[PDB]
Each structure stands twice: as C-alpha cells, then as structure tokens.
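Chains as they are written, first to last, in the authors' numbering: chain A, 252 to 314; chain B, 1 to 110, 195 to 406, 424 to 479, 483 to 590; chain C, 2 to 26, 30 to 329, 335 to 715; chain D, 2 to 45, 65 to 319, 338 to 359, 375 to 392, 398 to 717; chain E, 64 to 81, 90 to 141, 158 to 188.
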Amino acid sequence: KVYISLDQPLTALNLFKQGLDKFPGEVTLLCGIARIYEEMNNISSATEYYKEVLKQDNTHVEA
Amino acid sequence: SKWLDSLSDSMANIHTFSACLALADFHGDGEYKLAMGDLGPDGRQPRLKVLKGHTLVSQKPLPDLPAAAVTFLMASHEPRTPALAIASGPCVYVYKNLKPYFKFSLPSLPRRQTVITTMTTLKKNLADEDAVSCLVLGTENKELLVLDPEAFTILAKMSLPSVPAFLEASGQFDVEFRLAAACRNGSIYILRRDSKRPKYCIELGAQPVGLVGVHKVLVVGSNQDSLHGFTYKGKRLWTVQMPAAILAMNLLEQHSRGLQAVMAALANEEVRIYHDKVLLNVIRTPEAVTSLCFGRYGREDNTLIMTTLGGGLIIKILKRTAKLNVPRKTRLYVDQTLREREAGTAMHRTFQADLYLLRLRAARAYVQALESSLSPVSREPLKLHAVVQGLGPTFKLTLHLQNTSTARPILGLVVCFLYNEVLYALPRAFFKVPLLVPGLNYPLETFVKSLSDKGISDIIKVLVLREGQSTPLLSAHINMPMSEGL
Amino acid sequence: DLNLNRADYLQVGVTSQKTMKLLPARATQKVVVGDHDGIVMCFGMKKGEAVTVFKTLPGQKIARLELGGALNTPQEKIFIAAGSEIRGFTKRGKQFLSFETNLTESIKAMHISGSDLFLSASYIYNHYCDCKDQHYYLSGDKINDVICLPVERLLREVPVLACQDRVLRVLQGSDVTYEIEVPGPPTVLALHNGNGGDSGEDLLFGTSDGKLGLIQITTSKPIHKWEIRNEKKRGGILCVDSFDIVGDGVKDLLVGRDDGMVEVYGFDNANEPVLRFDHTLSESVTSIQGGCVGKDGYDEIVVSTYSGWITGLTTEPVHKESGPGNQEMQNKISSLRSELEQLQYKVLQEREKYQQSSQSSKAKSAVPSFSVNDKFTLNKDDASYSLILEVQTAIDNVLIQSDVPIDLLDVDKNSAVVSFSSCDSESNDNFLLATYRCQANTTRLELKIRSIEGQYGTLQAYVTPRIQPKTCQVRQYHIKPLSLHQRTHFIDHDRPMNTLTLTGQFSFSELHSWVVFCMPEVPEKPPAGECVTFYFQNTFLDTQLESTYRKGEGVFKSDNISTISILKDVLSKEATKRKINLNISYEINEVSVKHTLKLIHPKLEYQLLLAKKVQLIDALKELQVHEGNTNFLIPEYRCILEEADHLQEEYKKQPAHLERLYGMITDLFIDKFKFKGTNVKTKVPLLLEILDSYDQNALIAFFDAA
Amino acid sequence: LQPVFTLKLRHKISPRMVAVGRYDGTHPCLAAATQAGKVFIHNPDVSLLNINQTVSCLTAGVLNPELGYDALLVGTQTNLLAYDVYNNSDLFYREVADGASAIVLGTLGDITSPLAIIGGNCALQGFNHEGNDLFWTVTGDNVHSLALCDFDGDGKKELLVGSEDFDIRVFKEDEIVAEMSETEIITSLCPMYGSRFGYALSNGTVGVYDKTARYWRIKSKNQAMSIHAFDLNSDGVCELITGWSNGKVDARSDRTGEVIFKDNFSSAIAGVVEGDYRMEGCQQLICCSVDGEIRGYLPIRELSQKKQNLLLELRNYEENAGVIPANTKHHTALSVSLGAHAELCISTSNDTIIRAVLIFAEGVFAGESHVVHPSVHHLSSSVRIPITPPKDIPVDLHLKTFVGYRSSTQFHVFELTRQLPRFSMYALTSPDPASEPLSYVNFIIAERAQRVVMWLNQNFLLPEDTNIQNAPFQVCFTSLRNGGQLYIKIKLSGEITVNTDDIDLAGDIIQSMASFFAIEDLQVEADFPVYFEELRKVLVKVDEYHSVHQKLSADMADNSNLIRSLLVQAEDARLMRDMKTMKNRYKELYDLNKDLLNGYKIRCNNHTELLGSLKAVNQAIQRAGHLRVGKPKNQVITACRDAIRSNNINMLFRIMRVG
Amino acid sequence: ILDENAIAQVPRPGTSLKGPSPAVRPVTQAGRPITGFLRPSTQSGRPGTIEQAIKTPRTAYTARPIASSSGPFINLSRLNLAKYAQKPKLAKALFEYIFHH
Ligand SMILES: [Ca+2]
Ligand SMILES: [Ca+2]
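Below, the structure written as structure tokens:
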C-alpha cells in the first residue's frame, strides 16, 4: 500500500515476489500482484496471476 | 548519396519565400550572388539581404515587404550585371549593381491604386544568357502588366478574373508568349497572343501553392498535398500524391545532363526532386524548409540553397556524377451444443414461457410508472433530468429540461419539488419555467441545503406539470449525497 | 568583421604618451621609439629580427617625438624633446637641430609644422620659428596637447590648445579667438586624415574620460559633427590616428586607450563612425600608427605599449603552412632559452657578489628607482574614484593605507586578492589597511575608492615590483573635503543659493591654496588677475558650488547646506593653522532644505522599492518552477519575474547607497540646525526611525519642527 | 578548443549537485538539482523529479553490478535516496538523521560491494544496493567533500574526507592512515591519478597533493565551485579541470599548475563532469553553469620579459658598483604577553626605521595579511605585532618588513620566515595547586625524559630561563583563548599526566607527542567529569527532542490534511457561487495557517536543538577516539556506537574513560 | 490533486499507475474498461482538476462517493496513556479501540 501510494508499482512487485519467496503460495500476495498488473493495464499477466490464485484457492471471488 | 552537403546553419534568420529570392551575377567576373528580400523575424522589418559565399555581405532596410524579386538584363549595350527589380507596394525598386538605381511607379487607377504581388521576367527575342528580358507584374487589382526592358513603360495590359498569386512566363514575348497565372480562387489561367482574356482556364479544386513550368508540362502544386501536371492547352496529363503538405516548389535545371525537374519542399522535413513522374534525390533536413533555389550560385552550376521554416540556411552542391483471430471453442462448447441438440424442445418452450412472463412484468412496470408518472422522458414532448453538484451542506441542483419537438413551444409549465422539510431547505420549491423552445437544453438551478447535523441522505422528487392540470406531466428523482457538514 | 594577429617586435624601455612614429619610407616602413632614459632608436623588422638603426645615447626622459618636414617633401625629420630642449635627427644617426628653448620644468607636447614649432609646458605655451620666439601664452590650466591646422590647405596658422579643464582654446597669435567645450579633459587630438579633413579643416579630439570627437574649428565657432561617448569602453584615450586598414577606400580611425583596448572605427555610414575590431593588451597603449612594418603587402597596426613592447596587429595569417606533422616558435624558444641561461649565469654570480659585499660596513645599498603611471580620476556616473597603478614590471603586492573612512570596492577586471587587515582606528590613524597581492604576471592594477562628502585626508599606496632587490615606492594621494565635486563651466543661479562670505587679511595666493586644499579639480598655480571664479557641481546629486574670490574676499554660494558647512569648518581649520583669524558671514534660503529633500526623495524611493521587490523575488521564483506560469501569477509580480536578475544584482549594491543616503540626510539635518546656533546631535535616533518608516511629508515636518 | 556541443537549460543548477549517468543502461543523461527541491534529468527533453526537499548532494554510479544501469543518488540533510530512473523504483530510501553534506560512490578497501558513502555532521556512513550499513566512522567536523583515491598503492581505495576543521584525512575501511592540515574549509576533492588528488578550498586555493605533500597550489578570487580531473590535451595524464565562481573553466596541469586550456561562461560554473553524450565511445567533458547552460568538449613572450628583468637587475648592480646602510639585518623575536597575545618583535641594529610590516599567514589572521603600519609620529626601530591564532596548528608567517628612513619615498622590503609552533599559546606560569584542574588523561611513554624536554621545547614558546631535565617535570601553562590550565607532569616510570579540563587540547597533545616519539599504538586513562556529565545530559535530552518532534509532526500532518480538505471545499463553494461559505472556508484556512506557522516555528527550534545535540554526541565519540593513537582509537569508535544503539550510557562512558 | 508524492513527474509509459476495446467492453473513463470485483481501494483513473472532480458524478472515481479527504464507553481525554502503556495486555486492546472504533 505504501509503495502504491508513492506511485511505485515496480517496487511493490519486487516486494511481493520477495514475500512469495518467504511465503511460497500466499493468495493475498498473488492477488496484490494481479491487482497491480491490472492497474498498469497489462491483462496478459494479471490473468496469469489470477490463475495462480485459482490454483491456490479456487473459491477466490476476485480472481 | 547524390547530394553533396556544403553548409548547414541555424542562426541565419532568413525568412524569405521561394519567389522573392533570386541568384544572378551582380558585379560581373562570373561570381554569382544571391539577393533576397527577407521579411522581419516575424514580418515587421523588411530588409534586403544579399549573400556571397556563405557570409552575409550587405543587408539594408527596405520601405515595405517585398512581394517578389527577379533579375533580368535591361539592354545588351556592354552587358553588365542584370537589374534586380524588387517589388514593394505599388513600386518597383530597380537596383543596378545592388545600388538604388530607379523607382518605377505603377500607373494609378481612377485615389484607388493597387499593389504588385507576383513578378517574373519574359524573354524578348534571343532567350540566351545575354538576352534582354522584360518584366511581367501581377497587380493586386486583377491585372497583368507586361513592362518594358528598362522598367519605365507598359507594353501590354492583360485582364484576369481573379488576383494572381503565382506566375510562369514561357517563350519569347513578341511572337510566342505563354503566361500561366495561379490565382487565389484556385485556378490556372493561361495567356497567349491576341487574347486579352485567357479563355483557357483550369481549376485545381484547391488553391495552388506553387507553379513551376517544365518545357512541355506545367506542374501545379495543390493545397491537398500533391502535384498535378497539366498541358499548356488545358488538359491534365498526370497527378502525383505527396505524403505531406507542399510548402514551396521551385525548378532544378542542369544543362549538362539536360535535367529540368520540379522540386517539392514538403512539410515532413524532406525535399524530393520530381521529374515527369518519378522521384529521385530525396533529401532530409533538420527542419521543414520554406524556400528552395537551384542555380549557379558561387561558381557551381549545380547549387541548391534552402531556408528552414525557423530560419537558418542549408546550401547543397550537386555532384556532377549524378492468420485471423477466429475464436477457439473448448469442451464446454461441444457439451453445450450436444445438450442443445438433445434437449432443444424443452429449451425453446421454457424460453418462450420466460419471454411471455417478461413481457407481462415489463408491461406491469410500465403501467405502474405511467400511473405514478415517474418517467423523466415522457404528443406532450418533454425531457428532464436533474443533476446534483457539490459536497458540503449546500448543493447546486440543476434541472436540465428540454422540449423535444419539430417546431412547437410549450407555454404553461411549472416545476414543483417534493422534499423532507426537516432535512433540506429549498428556497423556492415551486417555480414557473420559461417558454421552452424546441431544441434547447434549459438549465434551471436551485440551492439545496442540508439541515440535519447528522449525515442523512434523503430522496428529492421533482414534478413538471401544466398549470391547468394537477397530474404531473413528468417526474424525476435525486438521491441527495451525504452532507459533510460542520 | 576584422581579424588582426598579434605579432610582437623589439621591446624598448618604458615609454611616455605618443612616443612612437613610423617613417613613411611601398615596402615595410621603419619604427622609431623613445625610451624614458633618452635612448631613441629605430628598426625595420626585415625578417623576424629587429635590425636596429642609430640606437642613440641615454639622456633625459623622452617626453614627445614627432616627425615632420620643412617643405612638402616627404616628412622624415624626427624631433624629440627630452628635458627642456628639442633635439632633431634625420632619418639616420645625424643630429642637426638642437634648440635649447630654455624653460623651467619640461615639455609635455609639441608639434612641428615645417619650420613652425609649437611646444607646450606645464602651463606655458610657446610658438617658435627656427629658434626665434614669436608667440607666448600662459593658460590657467595645464596643457595636454598642441596642434596647428594645415597651414597649406588653409592660410592662417590657428594653434589649438587643449587645457585640463575640458576646453580647447583655439588661439591665434597670443590670444584666444574662442574656446570649444568638450566632455572630459582632452588628452589627444589630431586632424582626422593625412590632410586635415576633405571639407576644409577638422580637429579630432580624444579625452581622458574616454570620448572622441570631430570639432570642426571655423574662423569664429566650432561645428560639432559627432561624438563617440562610450559606456563600457572607459579608459583614457592616450593616442589616436587615421589609416585605412579595412581597405574600403576611406581612412579608418585607429584609437588606443589606457586599458590596452585598441579599436578600429569605420565610417561605413559614409558620415558617422562604427566600431569594427577591439582588442585588449593588459597594459596601457601610448601610441598607435597604421601602415606596414613586417612582410610588406599587408596593412597592419603598430601599437606602442607602456612598458615598451612595440607590438603589431597584422592582417596576414600566422599558420600559413602545415601537414601531417611551424618552426619560428622553435627558433624564438631556442633564442630565449640561450639568453635566459646566460643571463641566469651572470645574475647569479652578481647576486653572490652583491650578497657577500652587502656585509661591508661603510657601504650603502642603493635602490632601483622605477616609474608608476598612476591616475587618480573621479568617475562621474558614480561617486567613486578609480585609482589605477601601472608598473613596467609585474607587481608583487600593493599596500593601501588610509586616513579616511573609505570603501574599497571590487573590480572584475582586477585579478588580485584582497586582505583587509584588522585596523584599530584608536591607536593607529589608519581607518583602512588593504593589501592586493597580484597573481601571475600583471602590470596594471585598477581599484575603486569611495569617499563620503566629508572626511578629507591623505591616502598612501606602497607598490612593490617583482624585481630582485624588491623595493617599494610610496604614493600619497589626497581625498579632498568636497571630494564629490566635479568642476564644470556653468551653473544655474535660479536655485536657492545659501551664500557665505569669508573676509579679512588674505594673500590671494594663500586663499587659492586653501581652495586647492578644499576642491578636487583646481590648478595649483594661482591664476592671474587676483579675481577667480569656479563653477563646481556635486556628482552624487546635482547641487552647484559657485566659488568666487578676490585678493581678500570670498563668496562660496551653494545649493546644499552640507557643502557650505564643510567649507566653513575646513576653512576655519586652515585659518587656525596659518594664523589668519578670518571673518565668516553666512546666509540661508529657507527653502533650500526643501529642494535638497526633493532631490533626495527619488533615490530613497528607488532603494526602498529595490528592497521590497528583492524580498519577494525568490518566493515568486519558487512558484515559477511549477505550472509554467500560464494563468495564475498576478501581473504585479509578473513585472518582477522578468527583471528579477537586474533587481537581484542591484540589491547587492543597495545597502551601501542606503547607508550613504542616511548619512547624508543626518548630516544635512545636523548642519541646518547647526547654522542657527543649536546642537541637535541627540535627535538622530528619531530621524533614523523616521527613515526606517520614511514618510516624506512626516520627514519634512520633522525637519522644520525639530 | 571548440565546444563540441552547446545547449541552454531553463533551470538554475545548484552548484555542487551535478552528475552524468547512463540511466537507460546505455544512454547517458544529466542529473542536476534545481530550486524548489526538484532534480531535473536531461536525456540526450528535461524531466523533473519532485524531491520536494532541499537537495544537498547528488551523484550517479553503479550500485549493483549485476545490472548495467546507473543509480541516481540524491542526498538531503535528513535523507538519502537511490533511484532507478529507468524503472522508477527506489533502490533504498534511507533516513540518515546525520545529514548528507558530501557523498561518493565506489569500492572501498576489502569490501566486495560498491558503497554509497555519505558525510554528515561528524559521521560517515555506507550503504549497499539495498541500504544496509556496511561502513561507519566519525570525523572531526562537518564533512564537506569526499573522494576515493588509493593512497598507499595497495589496490583498494581509501576515502579522502575534507573536514570543516580545515583538515584532509584519509580513511581506510576501518583505520585512519594520514591527515594533512589545509588552511580553510575544504569544498571539493577529485582523484584521477595513482596517489595524487586535486583539492579546493573556500579561500580560492586550488591545489594538488601527492601522498603527504602539495605538488602545486594557486590562490585566486572566485573560489572554485567544482573540480574534476580530465585529459584535455590527450597526453595520457589527467589535468585539473576547474570551474570558478565567475565562469572561467581553466584546465590546468598536475605539474606545477600551469594553465593549459581556458574557457568562460556568463554565470558561475555549477559542475564539470565527464560523460560520453554523443555516443562516440570516448569520454567527454561537460561544463554546466549555475544559470543552466551546458557545453561539451572532446579531448608566449613572457620569457623575454624575464630576460629584461634580469637585465634591469644587472643595471641596478652596475649602478651600485632612500638609501640604507647595506649591513642592515632584520632580527625577530617571539614572546607571549598576558596583560593576551603572542607578540613578534622585529628590529634593525641601525638608525633605520620600520615603516610598515605585512605578515602573511594562511589561517591565523582574518584574510591572508595583517598589515601593521605605525603613524609618522610613532615610528621607531623595533615594532611588535600581536598574533592570536584561532587554533593550535603550526603556522609559518612570511614577514615582509618595509625598512627605510623617516622621510623617504622609496625603501627596501626585507623578507623573513618565522614559524609559530603548534601550541604557540599557553604561556608558561607558576603552578597554583589550589587552581589545579581535576580532569586528567594519563598514559605511558617510551623513555628519554630528555626527549620529552625536546618535544616540549619544540612545540611551545617557553621562556629562556626554563631548566627542566628528568624527575619532577611539572610545567603549568595558562591558556590564552581561555583562562584554563595545562599541567604536564612527568614521573620516573615514564607516565605523562595531562591535567587539561579541555579534551580537544589533550587530544592534540597526545597525538602530537605520539607522532613525535614515533609511536604507533597507545591506550590512555582519561577522566573528564564536567564534560562527561554534560554529554550525558545531552544524551538524555535527545529522546525527549525525538518525541516532541514526532508529536509536532503528527499534529502538523493533521492540520495539513484539514487545509487540503478546506481548499477543496472552498473551490466547490466558489464554483457554485456561494460567496458566504467561501469566505468562511478562507477564514478557517487563515486560522489553520496561523496555527501551523506557530507549530512550524516551535518544530524548527526543536529540530535545530536536536541537530546540535546529535553533533555534540558525535563530536564526543570523535574526541574520545581521537585521544588514542592507532588501533586503540578505532575500537572505541565502534564500541561507542554499539553503546548508543543499546543506550548503555554508563558502559558508554566507561568506554570513553578507559577504553 | 492537492497531494504530490510521486518522485517522477513524467515517468516512462509502463512503470506508473497514473485488452478489449471500448467497442466490446464497456468503459468508465476515457480508458479503464469496467472491472469485476469492485473493491474499496479502486481508483479507476484520477481527475485532473478539483473542478472536474466536483462537476462529475460523486462515484465515478471510487466505489463510494468521494469525500474532501479520507453514552460513550471511555472518554479519550480522561485516561493517561502513559499508564496504560505499561500494561501491554490492556494497551493492545485499548489501541485497537482508539484506532478502529
Ligand atoms: Ca589502498
Ligand atoms: Ca593531459
């Protein structure tokens, strides 16, 4: 949130991938990555990350 | 890489045109200078500047803005430099050796004089490098004055239907002269012997931005970013399309290879030399170019000097050694089509039943709306919608009302607001509306004000109704937002 | 557009003004120069090296050198005037004329018109004809140069006499016909062609403030044709000449300066001049000529430099040949190498002998004397003297000791460092002790000095050159009491004059000595007639100080109370010094204070507006960097956003002007109350507060009331 | 030469804040500070970056060698930010709280990661590509310039620190190597040679240093803003490019400082930096003015005048074979007077007089000179000059005594060099044990009490009558910048007791005596009660200041949010033409602004006091470590920092008490 | 609008937050096609000026209408937070109360 407030998507994405390196399959982190990719409007990666969320949750209302 | 570059400068503020810039011999001894009547950096200060080599040698103020500047030999007695006849106002300053030598005046009109805009020369009998040339002036009054060799008397007066803008003189004046005039009305008129009136006109469809005469074809540059080659009889023979606008067209003629091709100074930062139909020797420039000249500048028979739209000079010396996105269907689609093929009858029947029930419920809701008259769009033509603007305790509520009819005004109408008198304080909750003229959106605004100290959002109704009736003609609703009070 | 390459020639000793000439000789001419030791020499510069000719014997300091000829013959006789006599050489080492012309002090200018000889002096002017006195004049002011119009193209000889007080007295015989007025004290003047002007006669003058002109002296009145009054080209014209270097067909004007600047003026407008090429030289030009001296076939300018470097500016390129890889650089390098080796040998052995012989008891160590061409002028556009020291060698350090509160400002052209040593003002009488070390190899040093309307006193300056014994020479300038009064020729009597009369027991010479002690620009020698009137003018603000005086009486009218108060105090001090017991009687126009305050008001208004705008300049600049200033900034501050630069650069100098104005106002107040017999040295702080407020009407109210 | 390119940038460039960096990886661009706290980037169009804060440093380099992009660094007096301009993303945004007065970017000794060194109040720091503190040490005063140069030739570069104390120290990864004492606040260092570095001051002095000596030096006006070593002549050896305060760019030589190339501008010179704009594979030299014009470059008779000067000297000597007996000798004498200055008397064993004296010393006198100059009624043979140096550094006066008679217009100038020792002050007196100071530092020396007498006699202006050899050896000096004392006592075992209540003075004495007796390492036993308790009280005030700042910051943030909301509400009222509520919103805004300005004054005073307290803590660390020579120094520093991060104040003081 | 925190003013297209064409997918602004799963953190574009943000629908840039800026159990002015801070068991729940309630 802090990094998105300072308009720094590519810092937030690196931080999210660091977190996923810590927590290997977290759903909120993958969903945040997908939200950032959709705000930047490149859906071809937001669909991939929502599909990862699905592979983890499969009931996720957002993805 | 046929165009050997010589000089590229950007501090030279030379805002001339392709017609008020001419190079010729000015002190004999085979050293050609280039005289140009340059405007101000904006167009305020007319200054005549001549160029020898690539350093400025003399710039001197001029009375008014030069409309053209062309050189010519006045007589063959011990041929010195040609005379530079620079056109300014109703006057022609004839310079001999770049010195004020004569001031020809235009014969006035019954005072209402005129101004000269276009000026070229015409050959008398010889048409060689030593021949005598006569001026041809285009007055602002639609007239062409064929002058004398020494710029003091008139040899001919030709009548044109519109103010000329560009001129081309072909042949020898006495026996075979052809005068092509590109006017402001977007037309080329040709003048031949015995014809005081052209009677051979050609329309371009767009105003001609240039005019260069090839020995047989006459090119006309259009405002539609193209060239059109016509014949001297009044019949187009070809047309070529340009990728961008045409700023200035001049003539590139070298007699060694007999190449007489028209140029083109396009607005896309390039210049392409055009023969009859083919492109060749296209060049590039750091900025789009407004004027080009090709001649024997300095001591080279193949010099081309070009001035950028922003100023500066670029001089180039020509070397003598010239599959579809059809979608995909997955297992879901074939299973769905199999279900449809095996159970199509039940789907058809149940969808028809659902459509019947939907028509029933839609008619029900339409009748209920007609009863309550809640449609903001409803013989008796009207259309109203209410917009709310502003946070804070005071909101601006503007009703956009409109009469939607061919031609019939609505005289007696009135608007009445319905609100909760404990939450909103409307000053005038009822007011007449102006005479609604068919086709105009009338914004009729009011100031709603929230009174509740706690945030309470309550609806506000608006009823538009006649003054002799009691049933609202139409209505609208607005959910007032939260107050954000104090 | 013109380019001149700096080619150096032989170096001679230190030269005075207009001490170089060119023998007319189509090939290369010959250069002739005169050193301050009397060694007049001439060379031809055949090929790179100076082929010296008749380098004569040392004598007195050559004050002037001029070549002329009796008849219309090509002028070749070169006449010098060293100490008090005029010697004359032919175009070789044969002296033929030696006119003793027994005088008192020296010669400062001379002109040779065939046989006619017009020489100047400190004040005296003589016109001889072959060692026979024929005309004698004694001006009231020192003469700078003398010329006679062409006695051939015209008929009568009309010698012009340029005085120090900004006048050109065009006299005939032994009495002035009329006097032409010129801005600034004239220093050089020469008819502006090889003949003296096509249209009859024309005189071209150049003044010490930096100004050129073409006074056309007719039979009874002058006809001013143009003037080259400059702004950035300050510097005393020491030399001027006419020669066609541009090659257009009309002769150009080659003019020198005092700050090295050499300028060529072309007449391309066919009647008026225009600058074409300027070049700085790091020393003071003393003579300029045209023609050619090296590699005949290319016109060049010969410039005599103060220290003696006879330089040329040629129109011919220097690097005329090259390849894959000049040699004259190597030749000159090798020559200087060898010379410096052998000179180092000799001077090291002599230093050893001198240091070992310095221990001799009875022996005395003599000192190398040298020359310092100083110029203590007064800038008129400002209120600051501009002192300018020059030495033939380079300087090491310059002391500036004072006895007056003085501001040493900064000069961008100066490259020295400054070192304001901590004065005391209680035990030493030095209210100022500066010290300008000069970096690298600089000869001249220009430094500003700003003194208040009062505080008279001396000012010393110790100069030390970069020579081996490293001696020092002291100079004593004077900051006069009324050091801001530039003398002019006319006043306006319709101003409120606060007259003042001194009476009693004067020798007119002594009263004149008092006025010289009291005023910047007045001749020392008492003017003849026992009755003299001078028309001064304050430069900080225009207030005249007409001063008239006879053998025993003096009237010092004025437009300022401060001026007459200072005069009263200083003259009473001089009287008490010399045991006179004079009698003062003053008078006041009760509106003069109003006039002076109305004069001051615009300056204080401008200073306060300066401060008010520069306070907000930077705050507005912080807003400027955003949103591009398209729609929001008020037009009021938009008028400041453009001129921010000039406002900021004037704010740097503002505080000095504000302090000076406050001091002047408080002195005006104190003095105008002192004349009535009161002592109001106590009400000053209220006046200071009022000026912090500066209600001009409340200011005049406080002036009239208390 | 000729400027290979020129351009005009409309933004005022801050002087010492300029860098060239390939922010696109392969496309070099210019980064430069500007007014309002914005950093602009010129790509070959100008792009702004809102630092929204007054910048004080700026560089650009490779911070993570894994990728080939330059990282734009931006320092502020309370922050430090690395920035990947290409993919806009903070590499690290660290908060220093010590300030950013001078930063560099390179590889230190025995560190495998390019550090972003920084310099603040009195402490340096270091950060890797993520922002982890890997280097930290304390220095004398405010750091003004830093550069990386391999003094000592061992392949790992030590860093050169220019302290506001006028000193230039060289720091290894942990150890201090050497310190040369310049004469003014350093402003710029630049290395491009092996062990040679070019330095600038605020006098205007631009010079060059070998290991521990100056090749050349030139002092002028218009003190240099930015120095940078480049190879303008392409002779293979770099030269000192310099940009002065007037506009002059003079490329000099690293040999005897002879001007080789010269150029001029319209305003001052912000920065000279090398970087290949035109993509030619070879470095360039860009000069950037203060007013925002950039220009980029690609890489005779005076000796005859000297001959003439030699001939003039020969003329003088031949004239010989305002006059003065040739055997006139100027003899000086130093002394010290209490009733408070070091007096220097100059005389002449003749009847001649001393008309004026112009002493020239670098850092003692204000300016470079102190001309004495008696009045004509006061002239005599012997003249005394009082001197009051500001600090204890041995200075060398170059006296120039103007010798001549009374009424003379020209007279000699005798030159003479006299060195005021390090401790020129502290006149010797009689010890009064009632006024004995309690603060003392103790340590042991090698041997040779006679050599201690030598040290004391060569670093102090002791009178002639002093005779002290071995056993008691108690000398009591009284300071002259204060009333304090200085007790040097020596016992038989070789133990030196220094009883100075001042700690900087004891540090100076210990370091000088160590450098004198050729000592590498040493440990002390120091007690400074009245100073240690003051430092303790400062440490106590620190956290209170922190809390107050946090409270005021939260309050001002709340009020700023209120003001933003009120600006929006006022805009809405103005757009609906409700003038009464608009005036109400503006009254509310006026009141909030007045409250916020009051809070701003309070917070600013508190922040100034807190910065003073932090600099006091760091100066305490540096004065504790400074009291020990060699390795026993470094330890303390480390321990001291490790004693602050844990708030173990008593153990902290024990580290600075015994070590 | 009134709060600027992004360092870069005009960063490269693709590194800042500030598919199917509008001929298929409905839109909300010039771009920004309609999304699934409205969350209260959605900005979905941003206005240029305060006037544009006011003179538009209140819920065109957020899931909720935009604001101007984003008895009682215990009276906050009565308790000494310096004493509840000593007891973390009380301090944690008390902070959660003060912050979220
Ligand atoms: Ca090393
Ligand atoms: Ca080099």
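C-beta: ideal position from N, C-alpha, C; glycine also.
From residue i to residue j, what does the alpha carbon distance come to, in whole angstroms?
{"i": "B:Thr508", "j": "D:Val626", "result": "38 angstroms"}
{"i": "B:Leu228", "j": "D:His12", "result": "56 angstroms"}
{"i": "B:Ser8", "j": "B:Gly396", "result": "8 angstroms"}
{"i": "B:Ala533", "j": "B:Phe551", "result": "10 angstroms"}
{"i": "C:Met49", "j": "C:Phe83", "result": "22 angstroms"}
Would residue i pass as an interface residue toward chain E - the criterion being a Cβ-Cβ separation below 9 angstroms?
{"i": "D:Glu629", "result": "yes"}
{"i": "B:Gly589", "result": "no"}
{"i": "B:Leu495", "result": "yes"}
Of all Cβ atoms in chain D, is any one closer than 9 angstroms to the Cβ of residue i?
{"i": "A:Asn292", "result": "no"}
{"i": "C:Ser374", "result": "yes"}
On the CB-based measure, 16 or more other CB atoms within 10 Å of its CB, does residue i come out buried or exposed?
{"i": "B:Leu402", "result": "buried"}
{"i": "B:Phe17", "result": "buried"}
{"i": "D:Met634", "result": "buried"}
{"i": "B:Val568", "result": "buried"}
{"i": "C:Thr444", "result": "buried"}
{"i": "C:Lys661", "result": "exposed"}
The alpha helix (DSSP H) that contains residue i, what's its start and end?
{"i": "C:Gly92", "result": "It is not in any alpha helix (DSSP H) - C:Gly92 instead sits in the beta strand (DSSP E) that spans 90-94."}
{"i": "C:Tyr703", "result": "That residue, C:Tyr703, is in no alpha helix (DSSP H); it is neither H nor E in DSSP."}
Apart from the five residues just before and just after residue i, which ones in its own chain have a Cβ nearer than 6 angstroms to its Cβ?
{"i": "D:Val190", "result": "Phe171, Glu178, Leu180, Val197, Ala198"}
Using a Cβ-Cβ cut-off of 9 angstroms, state whether residue i counts as contacting chain A.
{"i": "D:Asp25", "result": "no"}
Within the same chain, show all residues whose beta-carbon is closer than 7 angstroms to that of residue i, passing over the 5 residues directly before and after it, in chain order.
{"i": "D:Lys599", "result": "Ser671"}
{"i": "D:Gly688", "result": "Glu578, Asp579, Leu580"}
Are the C-beta of residue i and some C-beta of chain B separated by less than 9 angstroms?
{"i": "D:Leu633", "result": "yes"}
{"i": "E:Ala180", "result": "no"}
For residue i, which residues of its own chain have a beta-carbon under 8 angstroms away from its beta-carbon, when the five flanking residues on both sides are left out?
{"i": "B:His15", "result": "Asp38, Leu39, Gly40, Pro41, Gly43, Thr374, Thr391, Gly395"}
For the beta strand (DSSP E) containing residue i, name the first residue and the last one.
{"i": "D:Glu426", "result": "Element bounds for D:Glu426: n/a, residue is neither H nor E."}
Just to confirm, does residue i get its C-beta within under 8 angstroms of one of the non-hydrogen atoms of ligand 3?
{"i": "D:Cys30", "result": "Ligands present in the displayed structure are limited to ligand 1 and ligand 2, and ligand 3 is not among them."}
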